[PDB]
Amino acid sequence: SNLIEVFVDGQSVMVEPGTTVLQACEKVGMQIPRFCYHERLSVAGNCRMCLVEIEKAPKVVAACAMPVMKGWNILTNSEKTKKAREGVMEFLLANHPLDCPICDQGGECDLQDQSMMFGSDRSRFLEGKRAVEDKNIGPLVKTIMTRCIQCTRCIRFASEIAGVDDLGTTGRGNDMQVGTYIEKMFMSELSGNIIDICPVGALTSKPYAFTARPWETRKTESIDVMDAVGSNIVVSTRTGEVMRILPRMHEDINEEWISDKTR
Amino acid sequence: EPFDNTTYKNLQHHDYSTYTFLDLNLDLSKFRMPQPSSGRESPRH
Amino acid sequence: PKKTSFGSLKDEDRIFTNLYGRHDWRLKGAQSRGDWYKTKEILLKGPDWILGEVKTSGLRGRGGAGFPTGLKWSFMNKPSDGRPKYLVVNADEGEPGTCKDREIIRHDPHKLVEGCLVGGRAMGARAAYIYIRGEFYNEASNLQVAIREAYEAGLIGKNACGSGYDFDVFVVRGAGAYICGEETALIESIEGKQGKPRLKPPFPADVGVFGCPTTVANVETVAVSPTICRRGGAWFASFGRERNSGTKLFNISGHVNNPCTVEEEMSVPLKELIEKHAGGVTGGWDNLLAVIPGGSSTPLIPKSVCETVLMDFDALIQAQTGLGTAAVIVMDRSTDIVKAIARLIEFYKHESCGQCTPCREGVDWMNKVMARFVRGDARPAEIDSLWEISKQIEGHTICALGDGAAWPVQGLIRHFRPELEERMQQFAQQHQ
Amino acid sequence: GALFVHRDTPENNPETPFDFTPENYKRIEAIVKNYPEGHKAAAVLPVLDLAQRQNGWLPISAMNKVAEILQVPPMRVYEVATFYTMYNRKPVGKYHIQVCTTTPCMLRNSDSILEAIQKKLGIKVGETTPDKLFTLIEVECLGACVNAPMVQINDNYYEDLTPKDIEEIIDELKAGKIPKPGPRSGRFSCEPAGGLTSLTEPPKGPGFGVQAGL
Ligand SMILES: Cc1cc2nc3c(=O)[nH]c(=O)nc-3n(C[C@H](O)[C@H](O)[C@H](O)COP(=O)(O)O)c2cc1C
Ligand code: SF4
Ligand code: SF4
Ligand code: SF4
Ligand code: FES
Ligand code: FES
Ligand SMILES: [K+]
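Residue numbers (the entry's author numbering), protein chains in the order written: chain G, 6 to 268; chain s, 31 to 75; chain F, 7 to 438; chain E, 4 to 217.
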């Protein structure tokens with residue numbers, strides 16, 4: 006009825022009007038690269054890692070923000086698409102610090118993983134790097150903000166999910182910095198979820214700091230009992246010890262967040 | 031009335047001060063039409 | 007009688023008859039010069055007639071991109087939904103080398119205030135916000151005085167110009183940001199947020215300022231609309247080449263004898279413009295190194311191209327550049343072209359909003375590279391690296407500021423590559 | 004010095020006193036009414052600029068005042084203050100001198116203007132004179148490119164400068180007079196220095212060229 010037909014790599018898919026080019030690719034099984042897009046946050050379109058070619062169109066479109074149109078053929082593996090990804094990944098890593106050994110995100114980092122899969126294998130950056138000062142937003146979330154990639158997921162989450170307008174960007178240009186501006190704490194019953202949505206090690210768990218690595222944890226899918234909601238969780242263990250608690254997506258209960266008492 | 035094209039007639043702005051712009055906006059308010067309303071006092075309302 | 011040589015505009019056909027501030031900018035004189043004349047009769051013919059007049063004139067946007075104004079204004083001309091409609095007048099005026107809008111606002115303020123009313127009536131808007139940069143304080147106050155004079159005379163407000171159409175003109179001032187000249191980033195600044203451009207879609211004629219249908223138009227594009235409706239759509243198209251019609255304001259600056267603002271016909275040869283109105287290049291036409299034909303964003307062109315280049319949208323596109331704002335920047339052979347363009351990259355680095363990755367990181371990167379080329383502290387291989395770094399910024403950003411930082415670099419590499427490499431040898435020899 | 008995080012000081016803390024004067028509260032009322040009902044956040048920029056014209060700079064307490072009256076979250080007012088360069092977040096001198104050194108002003112020797120001012124006032128770019136009268140900084144294009152080189156002191160442009168025209172401007176400001184803005188050469192605005200090449204005839208009057216039925 007109201008469905009429109011679009012093609013993903015020449016393959017027909019029927020989508021509701023208003024579907025984004027990124028969501029059309031989901032239905033054929035293709036996951037577009039992303040950093041700023043989150044399905045449970047508002048669309049931003051600032052990282053530019055989802056840029057994709059549309060056949061017979063000269064300029065690439067941001068897949069996360071662009072609605073599809075009837076008859077569009079999305080080329081996700083095209084030469085124009087792949088070169089867009091290498092360029093953007095090249096910019097994202099230009100000022101990123103060489104911290105992977107000392108960074109808790111190492112081994113479960115979307116910057117590391119998407120660099121391996123869609124980025125170049127080497128650097129041609131021959132300049133100095135940006136160093137940003139760190140900000141104390143409380144006892145539960147550690148900030149190494151030199152690692153931030155300015156996706157504003159923390160900002161959009163804190164505004165829209167947690168109903169707290171304390172995070173924002175200050176300055177502009179290469180010196181635009183995420184934070185609170187003043188010395189303030191982002192203490193909320195849901196504050197600890199910015200750790201998960203931060204795709205990099207800019208925001209990490211202080212209690213969990215330095216203890217383990219992602220590859221060595223055993224995952225046990227269990228239930229939270231700190232309240233009567235019944236949040237689905239993952240218990241990470243290593244050598245018979247509980248290391249941390251993570252949310253497990255359950256749409257009809259906790260979605261993909263947990264409270265800080267659970268975490 | 032003479033077409034004297036030899037003087038700069040934009041000399042008024044040399045007397046403006048700190049609140050010239052916002053004072054004019056205050057006088058202009060009596061003329062504006064009623065503003066439209068979205069319906070709520072703010073998006074947070 | 008298709009005209010073949012364009013230029014030599016006569017003062018009868020000029021629009022900004024008070025461009026130089028030698029008459030009375032207040033309402034009394036402006037009415038003596040033909041402003042606010044039969045504005046009622048214009049507004050009673052309706053939104054269709056006015057738009058057709060603009061479409062016929064071949065008027066294209068005077069703010070940089072250069073889009074056909076009549077077609078652009080026609081998107082607003084649609085049935086309402088319940089939301090107000092607005093006209094945003096882009097008086098940010100921040101493109102380096104560009105200062106045409108400054109003169110309109112302070113010396114022909116009533117040409118703008120009428121264009122807001124005529125343009126607003128064409129699109130069906132209820133009011134016009136005029137965004138003006140916060141540095142232009144004296145110009146903003148002159149504009150406020152003119153808007154008061156028009157209000158007291160019944161020309162704008164309830165039953166404007168004795169027509170039954172209600173219209174307000176608001177003047178809002180910025181706070182320092184070249185990026186607020188970008189049409190969506192302007193809208194965001196009027197809403198009280200950081201001037202960060204929006205992605206499109208949705209287009210402003212769907213969801214604009216306050217979430218309402220909106221057209222953003224340049225000061226010069228709006229300030230000539232009442233005249234095109236008066237003297238006619240066909241009269242305007244009789245100037246300039248086909249598809250590049252009208253008379254244009256020109257800023258000549260740099261290494262000319264007499265830097266000046268002037269109005270001249272479109273398609274005027276660039277050599278004629280510099281010699282005739284600006285007094286020619288400092289030291290004669292043989293001292294000319296390169297010319298930036300329309301503000302910082304446009305690529306430079308070398309002296310060989312300047313000989314026979316016509317100043318219109320299509321001619322300058324052939325030369326791998328653009329008319330842009332028509333801000334002509336002149337550099338003579340004493341100029342350091344590398345240092346000249348490196349300072350533009352330092353400007354774009356300072357004006358990027360920081361929102362999106364290719365410009366937040368890419369423009370700052372190109373700035374660091376262009377700084378070393380100035381001292382020669384590089385290798386010839388980095389030049390093709392800098393070329394590819396720019397091509398990754400271009401077309402991959404949210405707004406066109408990212409484009410505007412790549413094009414200056416590409417122009418320097420395109421026409422002065424030997425100059426870049428030559429400096430690298432000297433640095434190597436000294437440090438050997 | 005271009006820091007975008009606030010650290011409380013005895014002179015700039017949340018309890019530092021700031022309140023709009025009763026006259027400036029009326030001006031805000033007209034500012035706010037320019038925008039649709041339900042979109043008061045549109046007034047953040049003008050109200051902050053008003054807070055800066057009353058105080059001369061924006062202390063953190065002034066920002067919280069703007070957030071309160073407009074009912075905007077304080078962070079969203081901190082973002083605007085840092086984003087726009089006209090807002091001063093440290094004390095600036097009575098006369099804030101801004102020299103455009105972008106390319107079109109650089110090609111007409113704006114460095115001579117910058118060197119002339121630095122030597123006269125005995126400061127370097129970004130500093131404030133010991134007695135607090137002057138603050139020198141560079142800036143980007145100020146939309147006065149044909150009249151380059153040019154500087155803005157407070158809200159006034161002084162254009163077509165020469166390294167002695169500016170040193171006269173500064174002498175007057177020290178004395179207490181405020182010199183008249185505009186070009187300091189023999190032209191009044193942007194016209195060609197050689198007495199006009201256009202618009203020399205008398206302007207035509209109403210009804211010239213009007214089409215058939217207009
Ligand atoms: C960085 C940047 C700065 C801009 N500055 C201006 C400006 O100062 N004035 C202007 O009219 N358009 C400016 N533009 C272009 C506007 O986005 C838009 O194209 C224009 O206002 C539309 O009006 P027009 O159709 O009359 O050209 C700028 C664009 C960019 C990317
Ligand atoms: S955020 Fe990712 S890429 Fe950056 S240092 Fe940490 S693990 Fe490495
Ligand atoms: S702190 Fe993390 S989530 Fe927030 S903008 Fe930076 S990278 Fe994105
Ligand atoms: S291209 Fe530059 S100015 Fe435009 S949105 Fe991206 S970062 Fe901001
Ligand atoms: S995921 Fe689309 S631009 Fe960030
Ligand atoms: S370059 Fe200095 S005013 Fe434009
Ligand atoms: K994280």
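Beta carbons are placed, not taken as given, at the ideal position from N, Cα and C, and that holds for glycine.
At a beta-carbon threshold of 7 Å, the residues of chain E lying near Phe33 (chain s) are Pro205, ordered along the chain. Not one beta carbon of chain E lies nearer than 9 Å to the beta carbon of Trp31 (chain F). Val13 (chain G) is outside the set of residues whose beta carbon lies under 9 Å from a beta carbon in chain F. Along the stretch 95-120 of chain E, none of the residues has a CB nearer than 9 Å to a CB of chain s.
For the stretch 356-386 of chain F, the set of positions with a beta-carbon nearer than 7 Å to some beta-carbon of chain G reads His356, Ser358, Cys359, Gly360, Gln361, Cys362, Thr363, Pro364, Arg366, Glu367, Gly368, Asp370, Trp371 and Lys374 in chain order. Close to chain s, meaning a Cβ-Cβ distance shorter than 7 Å, is no residue of the stretch 181-197 of chain F at all.
The continuous stretches of beta strand (DSSP E) do not include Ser192 (chain E), and DSSP gives it neither H nor E.
By the CB criterion at 9 Å, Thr10 (chain F) and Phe242 (chain F) fall outside the cutoff.
In the displayed model, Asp170 (chain G) falls within coil according to three-state DSSP, outside both helix and strand. Chain s places a beta carbon closer than 9 Å to that of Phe216 (chain F), counting this residue as a contact. Around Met337 (chain F), the beta-carbon contacts reaching into chain E at under 9 Å are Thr106 and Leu110. Around the beta carbon of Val230 (chain G), a 10 Å sphere encloses fewer than 16 other beta carbons of the protein chains shown; the residue is thus reported as exposed. As a beta-bridge residue in DSSP terms, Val240 (chain G) pairs with G:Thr225 and G:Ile250. For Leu15 (chain F), the CB contacts under 7 Å within the same chain, skipping 5 residues up- and downstream, are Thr253, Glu269, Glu270 and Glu271 in chain order. Of all C-beta pairs linking the stretch 34-41 of chain F to the stretch 78-90 of chain E, fewer than three are shorter than 8 Å, placing the two stretches out of contact.
Shown in chain order are the members of the stretch 143-161 of chain F whose Cβ falls below 9 Å from a Cβ of chain s: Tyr143, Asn144, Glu145, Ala146, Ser147, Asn148, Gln150, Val151, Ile153, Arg154, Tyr157 and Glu158. Of the candidates F:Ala240, F:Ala333 and F:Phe209, F:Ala240 places its Cα closest to the Cα of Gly58 (chain F). Those residues placing their Cβ nearer than 5 Å to any heavy atom of ligand 2 are, following chain order, G:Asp104, G:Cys105, G:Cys108, G:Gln110, G:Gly111, G:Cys114, G:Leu116, G:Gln117, G:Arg152, G:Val205 and G:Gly206. Under the three-state reduction of DSSP, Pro72 (chain G) is assigned to strand. Excluding sequence positions up to five before and after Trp77 (chain G), its CB lies within less than 6 Å of the CB of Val11 and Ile59, all in the same chain and listed in chain order. Any Cβ of chain G closer than 9 Å to the Cβ of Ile136 (chain F) would place that residue at the interface, and such an atom is absent.
Short of 8 Å from the beta carbon of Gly13 (chain F), and not among the five residues preceding or following it, lie these beta carbons of its own chain, in chain order: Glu270, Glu271, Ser273, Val274, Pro275, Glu278, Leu279 and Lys282. The three-state reading of DSSP puts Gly216 (chain E) in coil, since its state is none of H, G, I, E or B. The beta carbons of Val230 (chain F) and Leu93 (chain F) sit no closer together than 9 Å. A distance of 9 Å or more separates the beta carbons of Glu82 (chain E) and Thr157 (chain G). In this structure, the straight-line span from the alpha carbon of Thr363 (chain F) to that of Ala178 (chain E) is close to 50 Å. Judged by pairs of C-beta atoms under 8 Å, the stretch 55-73 of chain s does not touch the stretch 155-170 of chain E, as fewer than three such pairs exist. Relative to ligand 5, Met35 (chain G) has its C-beta separated by 8 Å or more from all heavy atoms.
DSSP places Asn35 (chain s) outside both helix and strand once states are collapsed to three, so it counts as coil. Within chain E, the residues placing a beta-carbon under 7 Å from that of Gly173 (chain G) are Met78, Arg79, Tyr81 and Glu82, ordered along the chain.
Chain s places no beta carbon closer than 9 Å to that of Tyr161 (chain E), leaving this residue out of the contacts.
Taken through DSSP and simplified to helix, strand or coil, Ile347 (chain F) comes out as helix. Between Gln200 (chain F) and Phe86 (chain E) a beta carbon distance of about 4 Å is seen, short of the 8 Å cut, so the two are scored as contacting.
DSSP places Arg66 (chain F) outside any alpha helix (DSSP H), giving it a letter other than H or E. Partner residues in the beta bridge of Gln182 (chain G), as assigned by DSSP, are G:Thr175. Put simply, the backbone Cα of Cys55 (chain G) is about 29 Å away from that of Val239 (chain G).
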